[PDB]
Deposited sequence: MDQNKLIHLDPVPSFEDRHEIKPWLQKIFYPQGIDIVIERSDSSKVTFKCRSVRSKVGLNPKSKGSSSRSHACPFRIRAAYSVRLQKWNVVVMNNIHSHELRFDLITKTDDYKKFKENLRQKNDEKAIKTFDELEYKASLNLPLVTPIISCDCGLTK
C-alpha cells in the first residue's frame, strides 16, 4: 500500500488519469477507469489483475488522496505494446498540448529504447 505524496492540486478529477499515466506508463502499466464520480476515481490495468489505484477527495485535508494498492500484477508489463494503443497516442499528444517538454523527452527516449528491444 503506497500513499502518493505530494499530490497536485487537481481542479478537475479528469486531470488525475494523465498525471498517473506519466507515472505508470514508463513502468509498462496501462491504467483505465474502473469507477469514477465527482469525488473519486479508481484505476485498474486495462484488460483479472488485482492492481488498483484509488484516488479520492478528502474534505478533512482539502485535497485528493491517491493510494496504490497491490503491486503484484498477474501479467507482464510491456511498454512496447503500450505505445501502440490509442490512449497512449492521445496521452502523448496531450503532453505536447501542455508543452510538457520534460515528459515529452522522457517518453521519446522510452520509445526509442523500446524500439531497440532494451529491458524496460
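Counting from residue 1 of the deposited sequence, the stretches lacking C-alpha coordinates in this chain are 1 to 5, 53 to 71, 145 to 157.
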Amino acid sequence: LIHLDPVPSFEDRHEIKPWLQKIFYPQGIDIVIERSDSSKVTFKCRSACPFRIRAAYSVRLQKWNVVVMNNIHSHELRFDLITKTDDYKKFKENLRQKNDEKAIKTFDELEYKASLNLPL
From here on, numbers count along this sequence of modelled residues.
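With 74 to 82 and 49 to 57 compared on mean CA B-factor from the PDB entry, the stretch scoring higher is 74 to 82.
Once the C-alpha B-factors are averaged per stretch, 83 to 91 and 24 to 32 rank with 83 to 91 first. When the modelled residues of the chain are ordered by their C-alpha B factor, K17 lands in the lowest third.
Ranked by Cα temperature factor within the chain, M69 sits in the highest third according to the deposited record.
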